[PDB]
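Asks: build the 3D model from these lines:
(chains A, B, C, D, E and F)
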Amino acid sequence: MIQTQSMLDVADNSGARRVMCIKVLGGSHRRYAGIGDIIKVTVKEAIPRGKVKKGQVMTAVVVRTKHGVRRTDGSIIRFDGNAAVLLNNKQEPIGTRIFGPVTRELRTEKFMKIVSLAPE
Amino acid sequence: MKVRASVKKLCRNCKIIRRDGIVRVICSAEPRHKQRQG
Amino acid sequence: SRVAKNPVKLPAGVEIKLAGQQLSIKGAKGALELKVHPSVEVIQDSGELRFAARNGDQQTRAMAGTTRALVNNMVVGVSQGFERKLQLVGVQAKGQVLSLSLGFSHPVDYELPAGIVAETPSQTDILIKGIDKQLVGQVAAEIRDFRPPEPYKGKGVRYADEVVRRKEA
Amino acid sequence: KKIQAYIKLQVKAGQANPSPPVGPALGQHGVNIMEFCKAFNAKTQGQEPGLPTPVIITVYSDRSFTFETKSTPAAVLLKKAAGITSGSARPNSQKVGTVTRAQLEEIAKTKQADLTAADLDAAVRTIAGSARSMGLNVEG
RNA sequence: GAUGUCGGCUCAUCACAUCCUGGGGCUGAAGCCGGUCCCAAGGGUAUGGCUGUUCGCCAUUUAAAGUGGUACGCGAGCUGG
RNA sequence: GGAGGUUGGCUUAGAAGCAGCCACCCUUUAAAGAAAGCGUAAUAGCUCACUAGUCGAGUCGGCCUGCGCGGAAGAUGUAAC
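Replies: Numbers count the residues shown, from 1 in each chain, chains lettered A, B, ... in the order given. Please see the structure below:
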């Protein structure tokens, strides 16, 4: 989520129920990841038959944090719960459904599939 | 370059010159046979 | 035979300024080519000229020789204009400023100093005109700092002769 | 055109059509391929058609290709003089059984020493070093 | 008639035999990448699972996770496995 | 500058003067390596010797010895007069 060992819910469709960040991607001593950032997860808990299994090093986009994300007027938007959407090596989502809201910082060229499925 | 301690005339168009203190070898045919110091 | 020990046999179209300490030359098709002559050099004059050393050390045996050849092409540079046929791909010439497109996504322009002048007598050749060979060869090396010849195919600017080491992959 | 002598060429006599004993023969020091068909054919049928009979050609770019006269074929009829068609595997030590000078008798008859030797007895010693080609020694 | 260990922590400082970034030569260098050798010390140069570890082996990073000297730098700075 | 015959070899898009294989002298007559190897990697362009008219000179290699030049990179600061 924000840092390593952080544990975070799963906002997309199939597989995991809880994932834990094992690496914040990006820079070198990079220590935090907010909404729109890419982390490296492992699947701590999953459903009985889904597209991911428990114990699996995967990549996920951070969609929904408690620290929140700030707008240009100074306003913040701040959620009750940490959540990510798991991705493949295309950095395309695996599930076909998104649960919960997302923010408009995520409707970029790579993550607008998550936005177009979300009930924002 | 080919920085060695032993520069020579590796071919017959290979020519040794002394250019401001350093014993260099030009080759007018093949740039592989060019050495700097020795 | 040594290069300064023979007389020059200069043409009679160029009037010299005999100085003894210096040397200045002038003619038609160019002028103003004065050269500050060094210490260890003698100038003996006649209907032709000849150069000489002063003392038995190998430094002025290299200096008396390099002075005759430096005023060989200083006579001939006022007689004739020095040339070179630089062959490349695409010349847009305009005048005292030169415009070129050598393989990049940036079209680099190049300037010609006073004296020298650039004209395009062919499609894609560059021919040059100047009164001293030191600056004529200088600006033909200033164009090749942009583009070296490729070994595998060969793009951009070349020399006039063909000694380009070509390589196949 | 620049020539240096002793130029090898492996082509058929009388007909410039069979190529693959040399195939594409000509790219760097001579004149091109298909038009040798007539220069051989002012001197025919006395010089062993069919079998190999080696050559030293000289090349011109003026529609002329003319050679080094020796009338009697005397390099592979030396293999016929002893009785071989495949030569010895190593020259002048490793043998098949060497040839002498009494099997040089028919060959030295009509070879016309005027343009290849001094007199007719000197042209007999031409093939005294031409079976010095094929793993044989000429002794007598 | 005492100069109190190994490692971690904290803080470093210098070297260049350069790990990254910068300039080049040659290539059995098409390009994308490389190989190798020069020049270059300005700034950068991981996080964890195991183990007391240095190292090492692994997981995931990074432009890169350099090699050495400094009482194998540093306990009247810490820890004390 | 340049030979007056007819594939000098078990090979067959492609096998000289450079492939695991080896080499010394016979002319219409003043004329010359059946070759030590960079070449348009290879074939249709081209380089060390001339028994020579013509440009006209002091040169080209080795040995002995004098003093020097590269080989020569390090950690607090020039820092081995």
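
Asks: what about the helices in the chain?
Replies: Using chain A. Applying DSSP state H to chain A gives helices spanning A:112-117.

Asks: oops, chain C please
Replies: Counting by DSSP H, the helices of chain C are C:58-79, C:133-142.

Asks: quick one, which of these is nearest to residue A:30?
Replies: Among these, helix C:133-142 comes nearest to residue A:30, with 46.5 Å by Cβ to Cβ. For the C-beta atoms, the positions are set from N, CA and C on the backbone; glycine is no exception.

Asks: center of the chain - which residue?
Replies: As the question left the chain open, I've gone with chain A. Centroid-nearest residue in chain A, with Cα atoms, centre = their mean: residue A:84, separated by 2.0 Å.

Asks: sorry, should have said chain C
Replies: residue C:133 (1.4 Å).

Asks: my read: it touches residue C:73, true?
Replies: Yes - between residue C:133 and residue C:73 a contact is recorded at 4.7 Å, counting by Cβ atoms under 8 Å.

Asks: ok, the residue nearest to the centre of chain A to residue A:59 distance?
Replies: 10 Å (Cβ to Cβ, to the nearest Å).

Asks: what is in contact with those two at once?
Replies: A:39, A:41 (Cβ atoms under 8 Å, 6 or more residues apart in numbering or on different chains).

Asks: list the contacts of whatever residue of chain A ends up closest to RNA strand F.
Replies: For chain A and RNA strand F, the shortest gap (Cβ to the nearest atom of the strand) falls at residue A:28, measuring 25.6 Å. For residue A:28, no residue meets the contact criterion (Cβ under 8 Å, 6+ apart).

Asks: quick one: it from RNA strand E, how far?
Replies: In this structure, residue A:28 and RNA strand E are 3 Å apart, going by Cβ to the nearest atom of the strand, to the nearest Å.

Asks: got it, and residue A:41?
Replies: Taking Cβ to the nearest atom of the strand, one finds residue A:41 at 10 Å from RNA strand E.

Asks: next, count neighbours for that residue.
Replies: 27 (other Cβ atoms under 10 Å in any protein chain shown).

Asks: so what pairs up with it in the strands?
Replies: residue A:21, residue A:58 (DSSP bridges).

Asks: ditto for residue C:27
Replies: residue C:14.

Asks: for burial, what's the neighbour tally of it?
Replies: Neighbour tally, residue C:27, other Cβ under 10 Å: 17.

Asks: list the contacts of it.
Replies: C:13-15, C:78-79.

Asks: again, but for residue A:67
Replies: Counting by Cβ under 8 Å, 6+ apart, residue A:67 has contacts A:2, A:34, A:78.

Asks: who wins on neighbours among these?
Replies: residue A:2 (18 neighbours).

Asks: if we ignore the residues flanking it in sequence, what's nearest that residue?
Replies: residue A:32 (5.0 Å; Cβ to Cβ, 6 or more residues apart in numbering or on different chains).

Asks: correct me if wrong: that neighbour contacts residue A:24.
Replies: Yes - between residue A:32 and residue A:24 there is a contact under Cβ under 8 Å: 6.6 Å.

Asks: so which of these two has more stuff around it?
Replies: Taking neighbours as other Cβ under 10 Å, residue A:32 and residue A:24 compare with residue A:24 leading, 21 against 13.

Asks: now do the same end-to-end measure for stretch B:26-34.
Replies: End-to-end distance for stretch B:26-34, by Cα to Cα, to the nearest Å: 5 Å.

Asks: that should have said stretch D:104-120, apologies.
Replies: OK, stretch D:104-120 end separation, Cα to Cα: 14 Å.

Asks: residues shared between the contacts of residue A:32 and residue A:24?
Replies: A:2-3.

Asks: residue nearest the middle of chain B, spatially speaking?
Replies: residue B:25 (1.7 Å).

Asks: for residue D:109, the count of nearby residues, please.
Replies: Around residue D:109 there are 9 residues (other Cβ under 10 Å).

Asks: helix or strand for it, which one?
Replies: If you go by DSSP states H and E, residue D:109 is not part of any helix or strand.

Asks: with adjacent residues omitted, what lies nearest to the residue in chain B positioned nearest to RNA strand E?
Replies: Proximity of chain B to RNA strand E (Cβ to the nearest atom of the strand) peaks at residue B:31, 3.6 Å away. Take residue B:31 and drop its neighbours on the chain: the residue closest to it by Cβ to Cβ, 6+ apart is residue C:165, 6.3 Å away.

Asks: pretty sure the one you found contacts residue B:30?
Replies: Yes - using Cβ under 8 Å, residue C:165 is in contact with residue B:30, at 7.2 Å.

Asks: buried residues in stretch C:55-74, which are they?
Replies: C:60-61, C:63-65, C:67-68, C:71, C:73-74 (16 or more other Cβ atoms under 10 Å in any protein chain shown).

Asks: rebuild those residues as a markdown table, extending it with distance to residue D:74.
Replies: Listed next are those as a markdown table, based on distance: Cβ to Cβ, whole Å:
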| residue | distance to residue D:74 |
| --- | --- |
| C:60 | 70 |
| C:61 | 65 |
| C:63 | 69 |
| C:64 | 67 |
| C:65 | 63 |
| C:67 | 69 |
| C:68 | 64 |
| C:71 | 68 |
| C:73 | 63 |
| C:74 | 69 |
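
Asks: would you mind listing what in chain C touches RNA strand E?
Replies: Contact residues, chain C versus RNA strand E (Cβ under 7 Å from any atom of the strand): C:148, C:151-152, C:165, C:167, C:169.

Asks: any idea how far the residue nearest to the centre of chain C is from RNA strand F?
Replies: Residue C:133 is 25 Å from RNA strand F, by Cβ to the nearest atom of the strand.

Asks: again with residue D:128
Replies: 8 Å.

Asks: and that residue, what helix or strand is that in?
Replies: Using DSSP H and E, no helix or strand contains residue D:128.

Asks: contacting residues for the residue nearest to the spatial centre of chain D?
Replies: Central residue of chain D (Cα atoms, centre = their mean): residue D:54, 2.9 Å from the mean position. Taking Cβ under 8 Å, 6+ apart, we find residue D:54 in contact with D:75-76.

Asks: endpoints of stretch C:126-138, how far apart?
Replies: 14 Å.

Asks: buried stuff in it?
Replies: So for stretch C:126-138, counting by 16+ other Cβ under 10 Å, buried means C:126, C:128-133, C:135-136.

Asks: OK, contacts around the closest residue to residue A:80 other than its chain neighbours?
Replies: Distances taken as Cβ to Cβ, 6+ apart place residue A:66 nearest to residue A:80, at 6.9 Å, with adjacent residues excluded. By Cβ under 8 Å, 6+ apart, the residues touching residue A:66 are A:78-82.
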